[PDB]
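Student:
2 protein chains.
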Amino acid sequence: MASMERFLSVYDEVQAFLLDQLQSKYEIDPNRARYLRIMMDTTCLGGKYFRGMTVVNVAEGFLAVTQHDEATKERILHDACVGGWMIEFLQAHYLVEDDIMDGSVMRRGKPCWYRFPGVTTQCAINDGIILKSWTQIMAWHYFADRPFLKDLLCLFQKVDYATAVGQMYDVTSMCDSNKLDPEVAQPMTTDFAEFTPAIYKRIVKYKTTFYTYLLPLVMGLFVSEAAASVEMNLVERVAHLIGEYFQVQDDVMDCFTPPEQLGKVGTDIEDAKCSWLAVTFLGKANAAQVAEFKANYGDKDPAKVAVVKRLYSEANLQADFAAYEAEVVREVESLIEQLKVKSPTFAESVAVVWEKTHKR
Amino acid sequence: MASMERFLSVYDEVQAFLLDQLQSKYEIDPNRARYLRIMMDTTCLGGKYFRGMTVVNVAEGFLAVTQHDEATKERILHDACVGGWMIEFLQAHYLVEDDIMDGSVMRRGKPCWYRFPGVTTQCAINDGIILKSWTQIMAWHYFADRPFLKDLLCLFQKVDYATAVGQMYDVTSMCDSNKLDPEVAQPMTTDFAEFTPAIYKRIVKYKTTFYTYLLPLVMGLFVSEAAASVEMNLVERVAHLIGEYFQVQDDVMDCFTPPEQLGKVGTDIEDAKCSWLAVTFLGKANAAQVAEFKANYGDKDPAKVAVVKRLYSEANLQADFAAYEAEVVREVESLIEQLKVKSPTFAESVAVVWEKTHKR
Ligand SMILES: O=P(O)(O)C(CNC1CCCCC1)P(=O)(O)O
Ligand SMILES: O=P(O)(O)C(CNC1CCCCC1)P(=O)(O)O
Ligand SMILES: C=C(C)CCOP(=O)(O)OP(=O)(O)O
Ligand SMILES: C=C(C)CCOP(=O)(O)OP(=O)(O)O
Ligand SMILES: [Mg+2]
Ligand SMILES: [Mg+2]
Ligand SMILES: [Mg+2]
Ligand SMILES: [Mg+2]
């Protein structure tokens, strides 16, 4: 604890600064300011703050080994915090816009922002645009005279682009690639020939791992001026693997976790999603199951969903998950040893990250 | 001419570079690459390219007065071009997303991107996100080692934020400020007490002038290293005024220009927009007209629209437009004289801009 309530207080000065800049510069009336205060809180708070705290943890590690003034430690911790929020604000940006795209109902127990009676799709879309816009003013204000700014903005811009690309990958995985046409309406795949592990990993990589694990870990280094004390390739590879597992957990939970516990009602089967469950099923199933899959997958009607959820329990997908989990634990622990070669404290910060995903 | 076909060719290497980066780095299959090629072309091309060419024109002015190598002139012109596209790409970003928000049908004679059979609201939203994402890679690639990068990115980020803010201002102008509540559905204004010129100018300023005139003019200076050769306050003020007029033209045209000539079917009256027409009407009308306005404005039914369009012709709004146009020509020409004090060639580039708005 402690570091979290210190991360939460940094949110408050971000929120204050942004709304002050709006008032004193952007001619905002106290009412619209109020709207944007509630907007922020609803889309940014409520979560575990796990991605943002990751910047704080990596930064916190190096303080133990590195000699800094008291005022220096406080400067680094503060930047890790603004870095933390830059990310959660980038996520809240995507979440808001992803849910409108998907057509979601619940998220963290509460309705999706656009479903708020006095928001509407018309506003939420723009609110999303503002959320990411805010990540930039944070950067330009707080890190105005930091040597890591040009690097950090550049890392941020590319991470963002990666996420947007992966968002396209995700939303187009149910129709056939060769049939993709802006002028022809997109029909659902019948053959499911693009439900491979190679295409699946391609989706997850960009749509999640980059921003959920890469961005936070490297921002931790950036704020701590320790990018020189890691092999960057190594940092890259670990984040793509721990992040892949993160989404694989999501995919399973979706299908097999009560609405109350999940925070939402999962519709990947309805949405014809290219999930871990689907890909792994089709890498296991006999022709008779495959046919009973095609004839029932990607449909809204609960009875068709039952067939799929019934199939998965019989197809024993807890088996391959275990086998996947233990192959991940295998390669994650391998990379941490490799990390200890240049950066022992970063290695154990990555280690802390792994458990914090494995455990949850 | 000439400079335009040179601006269009710079688009081609931007498009090539982006799709190459996607292929060789982002693992894009030739089909999705195709989608994003068509997306770009449809949302970026078709327009007059007037905002982007403005960077080119300002840059072109200084080449006549400033001694540069041949290879230097070509470097500056090229940056003005990538600067030009950064802006048109930022606009195409907003247009795509604005039309989804408003619920539009036509734009430049062709349907709105989301209305394309094989696009859908689900994809277009993300496509919009990518369009602005592309403005950043342009910047980071082409201007990688330019002294104006930190300035230019910072100008871009703030311009963008201004536009998003103004987008909120625009979309919330039909309901009462004190009633704004994320949890209460937004009813339309009955009193229209916020249809003032002071609130109207506040909308237009942020939602248009910043990106349509400010961004292009200053980017022209940035690429030419002549930000030191202008009073920036002066450049600011002129762009907020020529841009205000630009939107005022739009507002009139909307109501009074055939669908064929306009490129779209105007529904500001249906959309209950805070237009120049409405504001100026309520600053002119007697109580009997005002009542026949309230009872007919903000409604979809064509008969109610007829009443409003009928009122405007009788309310003689060509009068106040003339009076506005000649008060604008008045203050625009004033500022150009003031501009000639420090920057004679920029002054005449601003002058070229004014006519290119007045004429069109
Ligand atoms: O949390 P979810 O389940 O809605 C996830 C939504 N994914 C987006 C998260 C934010 C960045 C883009 C992908 P997914 O359906 O992919 O599991
Ligand atoms: O060209 P339009 O008419 O759809 C304009 C849409 N405005 C947006 C343009 C792009 C930036 C945000 C405002 P407006 O309705 O405001 O006249
Ligand atoms: C985006 C996904 C895949 C859901 C988790 O997001 P959260 O934002 O709720 O995660 P925490 O920050 O709460 O850990
Ligand atoms: C955004 C508005 C107010 C409509 C004009 O946009 P365009 O993009 O069509 O303008 P040009 O670049 O064609 O001049
Ligand atoms: Mg989703
Ligand atoms: Mg899911
Ligand atoms: Mg509009
Ligand atoms: Mg209009």
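Protein chains in written order, with the entry's author numbering: chain A, 1 to 360; chain A', 1 to 360. A prime marks a further copy of an entry chain. Just so it is clear, CB atoms sit at the ideal spot from N, CA and C, and this is done for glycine as well.
1) Since A/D254 contacts A'/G118 with CB under 8 Å, what's their CB separation in whole angstroms?
2) Measuring CB atoms only, is the segment 163-179 of chain A touching the segment 154-165 of chain A', in the sense that at least three cross pairs come out at less than 8 Å?
3) Using a beta-carbon distance below 8 Å, is A'/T172 in contact with chain A?
4) For A/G283, count neighbouring C-beta atoms within 10 Å of its own C-beta (all shown protein chains included) and say buried if the count is 16 or more, exposed if not.
5) Report all residues from its chain with a CB closer than 6 Å to the CB of A'/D170; omit the five preceding and five following residues, and keep chain order.
6) How do the segment 240-258 of chain A and the segment 282-300 of chain A stand: do at least 3 beta-carbon pairs fall below 8 Å, yes or no?
7) So what does DSSP say about A'/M106, is it helix, strand or coil?
8) Who does A/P111 pair with in a DSSP beta bridge?
9) Going along the segment 12-23 of chain A in order, which residues come within less than 7 Å of chain A', judged by CB to CB distance?
10) Taking buried to mean at least 16 other C-beta atoms within 10 Å of its own C-beta, is A/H141 buried or exposed?
11) Give the straight-line distance between the Cα atoms of A'/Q15 and A/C123, rounded to the nearest whole angstrom.
12) Does A/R146 come out as helix, strand or coil in the three-state DSSP assignment?
13) Applying the criterion that 16 or more other CB atoms from any shown protein chain within 10 Å of the CB defines a buried residue, is A'/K300 buried or exposed?
14) Would A'/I129 and A'/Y211 be called neighbours here (beta carbons separated by less than 8 Å)?
15) Contact criterion: CB-CB distance below 8 Å. Does A/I137 meet it with respect to chain A'?
16) In three-state DSSP terms, what is A'/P216?
17) Three or more C-beta pairs closer than 8 Å, one from the segment 185-192 of chain A and one from the segment 212-232 of chain A: is that the case here?
18) Classify A/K201 as helix, strand or coil using the three-state DSSP reduction.
19) Looking at chain A, which residues of the segment 318-338 of chain A' have a Cβ within less than 7 Å of any of its Cβ atoms?
20) So which residues on chain A' does A/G118 lean against when the C-beta distance must stay under 7 Å?
21) Would you mind giving the Cβ-Cβ distance between A/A139 and A/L131, rounded to the nearest angstrom? I have them listed as a contact below 8 Å.
22) Could you give the C-beta distance for A/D271 and A/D98, rounded to a whole number, given that I count them as a contact under 8 Å?
23) Can you check which of these residues, A/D251, A/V353, A/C274, is closest to A/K264 by C-alpha distance?
24) Under 8 Å between C-beta atoms, does residue 362 of chain A make it to chain A'?
25) Would the beta-carbon of A'/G46 fall within 8 Å of that of A'/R108?
26) Quick check: what's the CA-CA separation for A'/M232 versus A'/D320?
27) Pop quiz: A/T280 and A/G243 are said to be a contact at Cβ under 8 Å. What is the actual Cβ separation, rounded to whole angstroms?
28) What do you reckon, is the C-beta of A'/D250 under 7 Å from a heavy atom of ligand 8?
29) Is the CB of A'/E314 under 8 Å away from at least one CB in chain A?
30) For A'/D268, verify whether its CB is less than 7 Å away from any heavy atom of ligand 8.
31) Could you give the distance in angstroms between the alpha-carbon of A'/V105 and the alpha-carbon of A/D20?
32) Between the C-alpha atoms of A/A326 and A'/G83, what's the straight-line distance to the nearest angstrom?
Tutor: Quick answer:
1) In the first sequence, residue 254 of chain A corresponds to position 254, counting from 1. In the second sequence, residue 118 of chain A' corresponds to position 118, counting from 1. Not quite, the Cβ-Cβ distance comes to about 27 Å (not below 8 Å), so this is no contact.
2) no
3) Locating residue 172 of chain A' in the second sequence gives position 172, counting from the first residue. By this cut-off, A'/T172 is an interface position.
4) As a working mapping, residue 283 of chain A is identified with position 283 in the first sequence. Per the 10 Å Cβ criterion, exposed.
5) For this step, residue 170 of chain A' is matched to residue 170 along the second sequence. Only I203, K207 meet the Cβ criterion.
6) no
7) Position 106 of the second sequence, counting from 1, holds the residue named residue 106 of chain A'. The answer is strand: DSSP assigns A'/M106 an E or B state.
8) In the first sequence, counting from the first residue as 1, residue 111 of chain A sits at position 111. Answer is A/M106.
9) none
10) The residue labelled residue 141 of chain A in the question sits at position 141 within the first sequence. Exposed is the call here.
11) Numbered from 1 along the second sequence, position 15 holds the residue referred to as residue 15 of chain A'. Numbered from 1 along the first sequence, position 123 holds the residue referred to as residue 123 of chain A. Each residue's Cα considered, the two are about 31 Å apart.
12) Along the first sequence, read from residue 1 onward, the residue named residue 146 of chain A stands at position 146. DSSP places A/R146 in coil when its eight states are reduced to three.
13) Locating residue 300 of chain A' in the second sequence gives position 300, counting from the first residue. It is exposed - the Cβ of A'/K300 has fewer than 16 other Cβ atoms within 10 Å.
14) Translated into positions along the second sequence, residue 129 of chain A' becomes position 129. Translated into positions along the second sequence, residue 211 of chain A' becomes position 211. No, these two residues do not count as a Cβ contact at 8 Å.
15) As a working note, residue 137 of chain A is residue 137 in the first sequence. Cβ-Cβ to chain A' under 8 Å: yes for A/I137.
16) Along the second sequence, read from residue 1 onward, the residue named residue 216 of chain A' stands at position 216. It is helical.
17) no
18) As a first step, residue 201 of chain A must be located in the first sequence, where it is residue number 201. If DSSP states are grouped into helix, strand and coil, A/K201 belongs with the helices.
19) none
20) Counting from 1 along the first sequence, the entry for residue 118 of chain A is found at position 118. In chain order: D181, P182, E183, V184, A185, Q186.
21) Numbered from 1 along the first sequence, position 139 holds the residue referred to as residue 139 of chain A. Numbered from 1 along the first sequence, position 131 holds the residue referred to as residue 131 of chain A. Wrong, their Cβ atoms sit about 14 Å apart, outside the cutoff.
22) As a first step, residue 271 of chain A is located in the first sequence; it is residue number 271 there, counting from the start. As a first step, residue 98 of chain A is located in the first sequence; it is residue number 98 there, counting from the start. With 8 Å as the limit, A/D271 and A/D98 do not qualify as a contact, their Cβ atoms being about 12 Å apart.
23) For the purposes of this step, residue 264 of chain A is identified with residue 264 of the first sequence, where counting begins at 1. Among A/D251, A/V353, A/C274, the Cα nearest to that of A/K264 belongs to A/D251.
24) This structure leaves residue 362 of chain A out entirely; chain A is present only between 1 and 360.
25) Residue 46 of chain A' sits at position 46 when you count from the first residue of the second sequence. Residue 108 of chain A' sits at position 108 when you count from the first residue of the second sequence. Contact: yes.
26) Here residue 232 of chain A' refers to the residue found at position 232 when the second sequence is read from its first residue. Here residue 320 of chain A' refers to the residue found at position 320 when the second sequence is read from its first residue. Rounded to whole angstroms, A'/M232 to A'/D320 spans 31 Å at the Cα level.
27) In the first sequence, the residue the question calls residue 280 of chain A occupies position 280. In the first sequence, the residue the question calls residue 243 of chain A occupies position 243. The pair is not a contact, with the Cβ atoms about 18 Å apart (cut-off 8 Å).
28) On the second sequence, residue 250 of chain A' is found 250 positions in, with the first residue counted as 1. At least one heavy atom of ligand 8 is nearer than 7 Å to the Cβ of A'/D250, so yes.
29) Translated into the one-based positions of the second sequence, residue 314 of chain A' becomes position 314. Not closer than 8 Å to any Cβ of chain A, the Cβ of A'/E314 fails to qualify, so no.
30) Here residue 268 of chain A' corresponds to residue number 268 of the second sequence, with the count starting at 1. Indeed, a heavy atom of ligand 8 lies less than 7 Å from the Cβ.
31) Along the second sequence, one-based indexing puts residue 105 of chain A' at 105. Along the first sequence, one-based indexing puts residue 20 of chain A at 20. Their Cα atoms are separated by approximately 38 Å.
32) Your numbering for residue 326 of chain A matches position 326 in the first sequence. Your numbering for residue 83 of chain A' matches position 83 in the second sequence. Approximately 50 Å between the Cα atoms of the pair.
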